[PDB]
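Novice: My file is protein09.pdb. It has PDB, N, CA and C atoms and all ligand atoms:
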```
ATOM      1  N   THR A 222       0.837  -1.209   0.000
ATOM      2  CA  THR A 222       0.000   0.000   0.000
ATOM      3  C   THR A 222       0.875   1.264   0.000
ATOM      4  N   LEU A 223       0.501   2.226  -0.863
ATOM      5  CA  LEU A 223       1.153   3.539  -0.975
ATOM      6  C   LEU A 223       0.425   4.520  -0.037
ATOM      7  N   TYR A 224       0.810   4.484   1.254
ATOM      8  CA  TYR A 224       0.366   5.440   2.291
ATOM      9  C   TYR A 224       1.503   5.610   3.307
ATOM     10  N   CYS A 225       1.915   6.873   3.535
ATOM     11  CA  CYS A 225       2.906   7.264   4.563
ATOM     12  C   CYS A 225       3.248   8.749   4.419
ATOM     13  N   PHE A 226       3.849   9.354   5.463
ATOM     14  CA  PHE A 226       4.316  10.757   5.405
ATOM     15  C   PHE A 226       5.474  10.926   4.392
ATOM     16  N   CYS A 227       6.341   9.892   4.255
ATOM     17  CA  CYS A 227       7.446   9.911   3.257
ATOM     18  C   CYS A 227       6.954   9.455   1.859
ATOM     19  N   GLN A 228       5.669   9.004   1.793
ATOM     20  CA  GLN A 228       5.015   8.441   0.585
ATOM     21  C   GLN A 228       5.874   7.364  -0.113
ATOM     22  N   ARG A 229       5.737   6.127   0.363
ATOM     23  CA  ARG A 229       6.428   4.957  -0.193
ATOM     24  C   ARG A 229       5.598   3.710   0.115
ATOM     25  N   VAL A 230       5.666   2.719  -0.792
ATOM     26  CA  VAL A 230       4.952   1.444  -0.642
ATOM     27  C   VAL A 230       5.443   0.687   0.610
ATOM     28  N   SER A 231       4.547  -0.091   1.211
ATOM     29  CA  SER A 231       4.840  -0.880   2.409
ATOM     30  C   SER A 231       5.428  -2.264   2.008
ATOM     31  N   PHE A 232       6.676  -2.232   1.475
ATOM     32  CA  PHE A 232       7.393  -3.422   0.967
ATOM     33  C   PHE A 232       7.811  -4.342   2.132
ATOM     34  N   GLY A 233       7.007  -5.392   2.376
ATOM     35  CA  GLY A 233       7.304  -6.407   3.404
ATOM     36  C   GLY A 233       6.977  -5.958   4.837
ATOM     37  N   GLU A 234       6.823  -4.634   5.042
ATOM     38  CA  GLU A 234       6.474  -4.032   6.342
ATOM     39  C   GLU A 234       5.186  -3.225   6.171
ATOM     40  N   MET A 235       4.048  -3.738   6.673
ATOM     41  CA  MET A 235       2.762  -3.022   6.589
ATOM     42  C   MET A 235       1.993  -3.103   7.923
ATOM     43  N   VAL A 236       2.043  -2.005   8.687
ATOM     44  CA  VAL A 236       1.253  -1.834   9.906
ATOM     45  C   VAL A 236       0.043  -0.927   9.586
ATOM     46  N   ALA A 237      -1.169  -1.439   9.861
ATOM     47  CA  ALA A 237      -2.420  -0.712   9.620
ATOM     48  C   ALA A 237      -2.840   0.053  10.883
ATOM     49  N   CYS A 238      -3.485   1.197  10.678
ATOM     50  CA  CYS A 238      -3.954   2.080  11.753
ATOM     51  C   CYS A 238      -5.471   1.991  11.900
ATOM     52  N   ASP A 239      -5.949   2.295  13.109
ATOM     53  CA  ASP A 239      -7.369   2.466  13.412
ATOM     54  C   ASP A 239      -7.616   3.945  13.718
ATOM     55  N   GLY A 240      -8.060   4.696  12.703
ATOM     56  CA  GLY A 240      -8.393   6.114  12.861
ATOM     57  C   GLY A 240      -9.641   6.488  12.065
ATOM     58  N   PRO A 241     -10.746   6.990  12.727
ATOM     59  CA  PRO A 241     -11.971   7.485  12.027
ATOM     60  C   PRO A 241     -11.668   8.558  10.946
ATOM     61  N   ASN A 242     -10.714   9.452  11.261
ATOM     62  CA  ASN A 242     -10.155  10.427  10.308
ATOM     63  C   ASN A 242      -8.678  10.069  10.106
ATOM     64  N   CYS A 243      -8.356   9.408   8.978
ATOM     65  CA  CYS A 243      -7.007   8.879   8.732
ATOM     66  C   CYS A 243      -6.911   8.334   7.295
ATOM     67  N   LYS A 244      -6.276   9.106   6.402
ATOM     68  CA  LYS A 244      -5.922   8.648   5.042
ATOM     69  C   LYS A 244      -4.615   7.817   5.093
ATOM     70  N   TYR A 245      -3.739   8.176   6.051
ATOM     71  CA  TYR A 245      -2.420   7.540   6.276
ATOM     72  C   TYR A 245      -2.524   6.226   7.101
ATOM     73  N   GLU A 246      -3.688   5.525   7.040
ATOM     74  CA  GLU A 246      -3.946   4.271   7.808
ATOM     75  C   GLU A 246      -2.779   3.262   7.705
ATOM     76  N   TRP A 247      -2.275   3.053   6.493
ATOM     77  CA  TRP A 247      -1.149   2.140   6.257
ATOM     78  C   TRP A 247       0.195   2.858   6.456
ATOM     79  N   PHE A 248       1.137   2.123   7.057
ATOM     80  CA  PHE A 248       2.524   2.548   7.296
ATOM     81  C   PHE A 248       3.454   1.332   7.175
ATOM     82  N   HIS A 249       4.762   1.598   7.250
ATOM     83  CA  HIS A 249       5.809   0.560   7.393
ATOM     84  C   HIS A 249       6.461   0.725   8.772
ATOM     85  N   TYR A 250       6.762  -0.426   9.402
ATOM     86  CA  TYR A 250       7.204  -0.529  10.812
ATOM     87  C   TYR A 250       8.440   0.346  11.113
ATOM     88  N   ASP A 251       9.413   0.331  10.195
ATOM     89  CA  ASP A 251      10.700   1.039  10.362
ATOM     90  C   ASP A 251      10.523   2.576  10.442
ATOM     91  N   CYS A 252       9.536   3.122   9.698
ATOM     92  CA  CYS A 252       9.245   4.582   9.698
ATOM     93  C   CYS A 252       8.742   5.025  11.084
ATOM     94  N   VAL A 253       7.786   4.256  11.624
ATOM     95  CA  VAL A 253       7.134   4.567  12.909
ATOM     96  C   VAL A 253       7.912   3.968  14.107
ATOM     97  N   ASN A 254       9.096   3.370  13.819
ATOM     98  CA  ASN A 254      10.001   2.760  14.822
ATOM     99  C   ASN A 254       9.278   1.641  15.603
ATOM    100  N   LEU A 255       9.032   0.533  14.900
ATOM    101  CA  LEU A 255       8.410  -0.683  15.451
ATOM    102  C   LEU A 255       9.092  -1.914  14.845
ATOM    103  N   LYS A 256       9.070  -3.011  15.600
ATOM    104  CA  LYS A 256       9.397  -4.352  15.102
ATOM    105  C   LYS A 256       8.336  -5.364  15.589
ATOM    106  N   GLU A 257       7.609  -5.011  16.680
ATOM    107  CA  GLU A 257       6.504  -5.825  17.227
ATOM    108  C   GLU A 257       5.229  -5.610  16.372
ATOM    109  N   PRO A 258       4.678  -6.685  15.722
ATOM    110  CA  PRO A 258       3.310  -6.661  15.145
ATOM    111  C   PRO A 258       2.247  -6.321  16.234
ATOM    112  N   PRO A 259       1.443  -5.215  16.060
ATOM    113  CA  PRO A 259       0.410  -4.775  17.045
ATOM    114  C   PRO A 259      -0.588  -5.890  17.443
ATOM    115  N   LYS A 260      -0.817  -6.025  18.759
ATOM    116  CA  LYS A 260      -1.757  -7.006  19.347
ATOM    117  C   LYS A 260      -3.218  -6.495  19.342
ATOM    118  N   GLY A 261      -3.423  -5.252  18.872
ATOM    119  CA  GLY A 261      -4.750  -4.640  18.831
ATOM    120  C   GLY A 261      -4.772  -3.354  18.017
ATOM    121  N   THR A 262      -5.752  -2.481  18.326
ATOM    122  CA  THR A 262      -6.000  -1.230  17.593
ATOM    123  C   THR A 262      -4.790  -0.275  17.680
ATOM    124  N   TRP A 263      -4.057  -0.153  16.557
ATOM    125  CA  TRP A 263      -2.834   0.655  16.478
ATOM    126  C   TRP A 263      -3.186   2.068  16.004
ATOM    127  N   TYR A 264      -2.996   3.057  16.877
ATOM    128  CA  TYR A 264      -3.191   4.470  16.537
ATOM    129  C   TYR A 264      -1.847   5.064  16.102
ATOM    130  N   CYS A 265      -1.794   5.535  14.843
ATOM    131  CA  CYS A 265      -0.620   6.234  14.295
ATOM    132  C   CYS A 265      -0.428   7.583  15.024
ATOM    133  N   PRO A 266       0.838   8.136  15.109
ATOM    134  CA  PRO A 266       1.140   9.420  15.825
ATOM    135  C   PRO A 266       0.178  10.585  15.475
ATOM    136  N   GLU A 267      -0.355  10.540  14.235
ATOM    137  CA  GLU A 267      -1.321  11.515  13.691
ATOM    138  C   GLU A 267      -2.646  11.444  14.489
ATOM    139  N   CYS A 268      -3.216  10.221  14.593
ATOM    140  CA  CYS A 268      -4.450   9.961  15.375
ATOM    141  C   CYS A 268      -4.240  10.274  16.869
ATOM    142  N   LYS A 269      -3.024  10.010  17.367
ATOM    143  CA  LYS A 269      -2.660  10.238  18.779
ATOM    144  C   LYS A 269      -2.620  11.745  19.129
ATOM    145  N   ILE A 270      -2.410  12.618  18.110
ATOM    146  CA  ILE A 270      -2.452  14.090  18.302
ATOM    147  C   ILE A 270      -3.782  14.701  17.784
ATOM    148  N   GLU A 271      -4.650  13.870  17.161
ATOM    149  CA  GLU A 271      -6.031  14.276  16.797
ATOM    150  C   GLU A 271      -6.953  14.162  18.043
TER
HETATM  151 ZN    ZN B 301       7.543   6.027   5.347
HETATM  152 ZN    ZN B 302      -4.208   6.960  12.089
END
```
In structure tokens, what does this structure look like?
Ligand SMILES: [Zn+2]
Ligand SMILES: [Zn+2]
Specialist:
Amino acid sequence: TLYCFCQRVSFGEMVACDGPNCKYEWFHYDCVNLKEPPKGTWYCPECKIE
């Protein structure tokens, strides 16, 4: 998926977000500094400041 602040495809790393207002739902783990697959509803830094 082509969604991120740096705008790049999620090649092998795709973490999905839960945000009612969120076009950037898809991300890659390395951008958002993660290696753990989320155990539940993952709010991206954008949703966390909304
Ligand atoms: Zn990125
Ligand atoms: Zn979000």
Novice: Between CA of residue 230 (chain A) and CA of residue 246 (chain A), what is the distance in Å, rounded to a tenth?
Specialist: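 Taking CA of residue 230 (chain A) and CA of residue 246 (chain A), their separation equals 12.6 Å.
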Novice: Taking all atoms listed in the file into account, list the residues no farther than 6.5 Å from ligand ZN 301 (chain B), as number ranges by chain.
Specialist: A: 224-229, 248-249, 252
Novice: Can you tell me which residues come within 8 Å of ligand ZN 302 (chain B) when counting all atoms listed in the file, ideally as a list in words?
Specialist: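 Every residue with an atom at most 8 Å from ligand ZN 302 (chain B) is listed here: residues 237, 238, 239, 240, 241, 242, 243, 244, 245, 246, 247, 263, 264, 265, 266, 267, 268 and 269 of chain A.
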Novice: Quote the spacing between CA of residue 254 (chain A) and atom N of residue 234 (chain A) in Å to one decimal place.
Specialist: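 Pair CA of residue 254 (chain A) / atom N of residue 234 (chain A) returns 12.7 Å.
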Novice: Taking the chain letters and numbering used in this document, name the residues of chain A that DSSP puts in strand (DSSP E), as a PyMOL selection string.
Specialist: chain A and resi 236-237+247-248
Novice: As an MDAnalysis selection string, please: all residues of chain A that backbone DSSP puts in helix (DSSP H, G or I).
Specialist: chainID A and resid 266:270
Novice: Output N, CA and C atoms for every residue in that selection, as a compact mmCIF listing (two decimals), in the coordinates of the input.
Specialist:
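So again-v9.txt came out as:
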```
# COMPACT_ATOMS: atom_id res chain seq x y z
N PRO A 266 0.84 8.14 15.11
CA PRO A 266 1.14 9.42 15.82
C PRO A 266 0.18 10.58 15.48
N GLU A 267 -0.36 10.54 14.24
CA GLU A 267 -1.32 11.52 13.69
C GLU A 267 -2.65 11.44 14.49
N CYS A 268 -3.22 10.22 14.59
CA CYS A 268 -4.45 9.96 15.38
C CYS A 268 -4.24 10.27 16.87
N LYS A 269 -3.02 10.01 17.37
CA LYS A 269 -2.66 10.24 18.78
C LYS A 269 -2.62 11.74 19.13
N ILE A 270 -2.41 12.62 18.11
CA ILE A 270 -2.45 14.09 18.30
C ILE A 270 -3.78 14.70 17.78
```
Novice: Kindly give the distance, in Å, that separates atom C of residue 232 (chain A) and atom N of residue 257 (chain A), rounded to a single decimal.
Specialist: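 Between these atoms lies a distance of 14.6 Å.
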Novice: Can you list, as a VMD selection string, every protein, DNA or RNA residue that comes within 6 Å of residue 250 (chain A) when you count all atoms listed in the file, leaving out same-chain residues fewer than 6 positions away?
Specialist: chain A and resid 234 to 236 256
